[PDB]
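J.: The structure is given below, and queries will be raised subsequently.
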Amino acid sequence: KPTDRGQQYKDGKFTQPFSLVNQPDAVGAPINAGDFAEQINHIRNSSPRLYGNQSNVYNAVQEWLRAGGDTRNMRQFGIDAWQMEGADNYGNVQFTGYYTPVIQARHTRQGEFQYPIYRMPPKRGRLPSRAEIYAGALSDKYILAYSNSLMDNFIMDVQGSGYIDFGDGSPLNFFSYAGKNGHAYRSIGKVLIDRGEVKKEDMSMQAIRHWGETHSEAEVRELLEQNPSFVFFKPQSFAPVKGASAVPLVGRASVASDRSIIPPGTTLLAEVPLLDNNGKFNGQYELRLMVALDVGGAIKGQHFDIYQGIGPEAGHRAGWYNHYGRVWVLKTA
């Protein structure tokens, strides 16, 4: 009965994936009332249809929050709480986190900034492989920025876009997908699994980042070269970060979730496990409200991916392996 990663065993044993409780086994009020309101406002504006179908829940929650928001006082607002059985049938929901990174970069080669990011060259047909581009097969008229981190560029390839901060006065610079090199991609995840460097079930882009951070530049290039594919980008006008449902996401007030289990717009009450600067469960939870507003290729079942927000602090809070909390889905009577 492991406890290492946020697991708890105070709510008995579950038979069905959701079960009505009289009160969430959670003491206090959610700590993010403001953010939730802000998130709701974004649903209201960016997704009128979605908002119209869930507003009954959103209003109840709002009304309850304004009256003091304590978990003991939910029934008087017609709010039901369905606790989620989670990964083990002890209520312990699988939580990973994700976040918009900001790539530190500079316009000329200097200091730690020695890792180019390219725009699309007018086609030849055959563009060079990743390894060839690293060696400098490509000209320098095609560089957009030199960045701080080779692994961060890779993560930008998989995302297909990224935010770059040149460290002067100016606004964040967004770059979107422009094209590829024509060499077929191979999955850097699989490689790290087929070497035992990372376990199959803790694999995620985040885990590839941590693996990066903990290895040498040589070890990283070696690994990255295993994938001969390469992305190119172009400058794009900046846009607030939206999830699959086209609603601007609010840090720690939104999750990505499996549509067939937690339909977009579902309201969630979560005890979310806090992390060490190590990325280790630190013994503390945080009771927050969140709405399901995004999706992910490996975000299935009762697994949630919390949107931590933008930047490195959000980055830290996201972690790089599974942790566990408790969730109650909130529905109107």
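Please note that chains go A, B, ... in the order of the structure tokens, that every chain numbers its residues from 1, and that ligands are numbered from 1 in the order shown.
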Output as an MDAnalysis selection string all residues of range 56-263 of chain A that backbone DSSP marks as strand (DSSP E).

T.: chainID A and resid 79:84 93:100 102:106 115:118 143:147 162:165 173:180 231:236 254:256

J.: I'd like the neighbourhood of residue 326 in chain A as a list in words, where a residue qualifies if any of its atoms comes within 6 Å (using only C-alpha atoms), though same-chain residues fewer than 5 positions away should be ignored.

T.: residues 91, 92, 93, 270 and 271 of chain A

J.: Can you work out the spacing between CA of residue 75 in chain A and CA of residue 61 in chain A in Å, to one decimal?

T.: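 So the answer is 11.0 Å.
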
J.: List as a compact mmCIF listing (two decimals) with N, CA, C and O atoms, in the first residue's frame the protein and nucleic acid residues near residue 223 in chain A, meaning an atom at most 9 Å away when only C-alpha atoms are counted, but skip any in the same chain fewer than 3 places from it.

T.:
```
# COMPACT_ATOMS: atom_id res chain seq x y z
N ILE A 188 11.68 9.38 -29.70
CA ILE A 188 12.65 9.50 -28.61
C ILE A 188 12.17 8.88 -27.28
O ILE A 188 12.97 8.39 -26.49
N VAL A 191 12.92 5.02 -27.52
CA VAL A 191 14.36 4.87 -27.28
C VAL A 191 14.72 4.85 -25.77
O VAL A 191 15.38 3.92 -25.30
N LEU A 192 14.25 5.85 -25.03
CA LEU A 192 14.49 5.89 -23.59
C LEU A 192 13.84 4.72 -22.84
O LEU A 192 14.37 4.27 -21.82
N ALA A 218 26.60 16.12 -24.46
CA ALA A 218 26.97 15.01 -25.34
C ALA A 218 25.95 13.87 -25.28
O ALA A 218 25.52 13.35 -26.32
N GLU A 219 25.55 13.48 -24.06
CA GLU A 219 24.60 12.39 -23.87
C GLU A 219 23.26 12.73 -24.52
O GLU A 219 22.60 11.85 -25.10
N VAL A 220 22.89 14.01 -24.46
CA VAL A 220 21.63 14.53 -25.02
C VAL A 220 21.63 14.55 -26.56
O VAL A 220 20.69 14.04 -27.18
N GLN A 226 19.15 10.11 -32.63
CA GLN A 226 18.36 8.92 -32.93
C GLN A 226 17.09 9.21 -33.74
O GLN A 226 16.51 8.29 -34.32
N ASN A 227 16.67 10.47 -33.77
CA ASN A 227 15.51 10.91 -34.57
C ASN A 227 15.99 11.88 -35.63
O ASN A 227 16.43 12.97 -35.29
```

J.: With only C-alpha atoms as the atoms that count, which of A:7, A:182, A:107, A:47 lies nearest to residue 123 in chain A?

T.: A:182

J.: Which distance in Å separates CA of residue 94 in chain A and CA of residue 158 in chain A, to one decimal?

T.: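 Spanning CA of residue 94 in chain A to CA of residue 158 in chain A is a straight-line distance of 23.5 Å.
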
J.: Hey, which of A:176, A:83, A:214, A:108 ends up closest to residue 151 in chain A? Count only C-alpha atoms.

T.: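 Once distances to residue 151 in chain A are computed over only C-alpha atoms, the minimum belongs to A:214.
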
J.: Can you check which residues of range 121-160 of chain A DSSP gives as alpha helix (DSSP H) on the backbone and send them as a PyMOL selection string?

T.: chain A and resi 130-134+150-159

J.: Would you pick out the contacts of range 275-279 of chain A at 9 Å or less, using only C-alpha atoms, so that residues sharing its chain but fewer than 6 positions from it are not included, and give the list as a short mmCIF file (atom, residue, chain, number, x, y, z; two decimals) with C-alpha atoms, in the first residue's frame?

T.:
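To be explicit, this is the file written out as part-v2.cif:
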```cif
data_model
loop_
_atom_site.label_atom_id
_atom_site.label_comp_id
_atom_site.auth_asym_id
_atom_site.auth_seq_id
_atom_site.Cartn_x
_atom_site.Cartn_y
_atom_site.Cartn_z
CA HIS A 316 8.64 23.20 -11.64
CA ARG A 317 5.15 22.57 -10.32
CA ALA A 318 4.32 20.21 -13.19
CA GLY A 319 6.83 17.50 -12.29
CA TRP A 320 7.86 14.57 -14.49
CA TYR A 321 6.22 11.44 -13.08
#
```

J.: Restricting the calculation to only C-alpha atoms, which member of A:86, A:68, A:189, A:179 is positioned closest to residue 118 in chain A?

T.: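 Nearest to residue 118 in chain A: A:179.
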
J.: Here is a test: counting only C-alpha atoms, which residue of A:100, A:23, A:237, A:302 is nearest to residue 174 in chain A?

T.: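 Closest to residue 174 in chain A, using only C-alpha atoms: A:237.
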
J.: When you count only C-alpha atoms, which of these residues is closest to residue 45 in chain A: A:274, A:306, A:264, A:247?

T.: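 Of all the options, A:247 lies closest to residue 45 in chain A.
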
J.: When you look at residue 167 in chain A with a cut-off of 9 Å (counting only C-alpha atoms), what residues show up, excluding the ones that are within fewer than 6 positions of it in the same chain? I need them as a VMD selection string.

T.: chain A and resid 104 to 106

J.: For residue 260 in chain A, work out the shell of residues within 12 Å, counting only C-alpha atoms and skipping chain neighbours fewer than 6 positions away, then give it as a PDB file with C-alpha atoms, in the first residue's frame.

T.:
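The resulting out.pdb:
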```pdb
ATOM      1  CA  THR A 266     -16.869  19.075 -16.413  1.00  0.00           C
ATOM      2  CA  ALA A 292     -11.703  19.929 -18.083  1.00  0.00           C
ATOM      3  CA  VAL A 295      -6.916  16.663 -24.242  1.00  0.00           C
ATOM      4  CA  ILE A 299      -4.377  11.229 -21.203  1.00  0.00           C
ATOM      5  CA  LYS A 300      -6.865   8.400 -20.907  1.00  0.00           C
ATOM      6  CA  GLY A 301      -9.300   7.123 -18.300  1.00  0.00           C
ATOM      7  CA  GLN A 302      -9.236   8.737 -14.883  1.00  0.00           C
ATOM      8  CA  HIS A 303      -5.847  10.369 -15.559  1.00  0.00           C
TER       9      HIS A 303
END
```

J.: What's the separation between CA of residue 101 in chain A and CA of residue 312 in chain A, in Å to one decimal place?

T.: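 Answer for the CA of residue 101 in chain A to CA of residue 312 in chain A separation: 6.7 Å.
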
J.: Identify, on the basis of only C-alpha atoms, every residue whose closest approach to residue 272 in chain A does not exceed 8 Å; exclude the query and any residue fewer than 2 positions from it along the same chain; express the result as a compact mmCIF listing (two decimals) with C-alpha atoms, in the first residue's frame.

T.:
```
# COMPACT_ATOMS: atom_id res chain seq x y z
CA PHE A 95 -2.07 13.45 -11.74
CA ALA A 270 -9.38 18.33 -6.51
CA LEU A 274 2.37 19.47 -4.15
CA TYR A 285 -2.14 18.89 -0.95
CA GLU A 286 -3.99 21.94 -2.17
CA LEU A 287 -7.76 21.97 -2.68
CA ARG A 288 -8.55 23.66 -6.04
CA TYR A 324 -1.88 11.15 -6.75
CA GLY A 325 -4.69 13.20 -5.27
CA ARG A 326 -8.44 12.88 -4.92
```
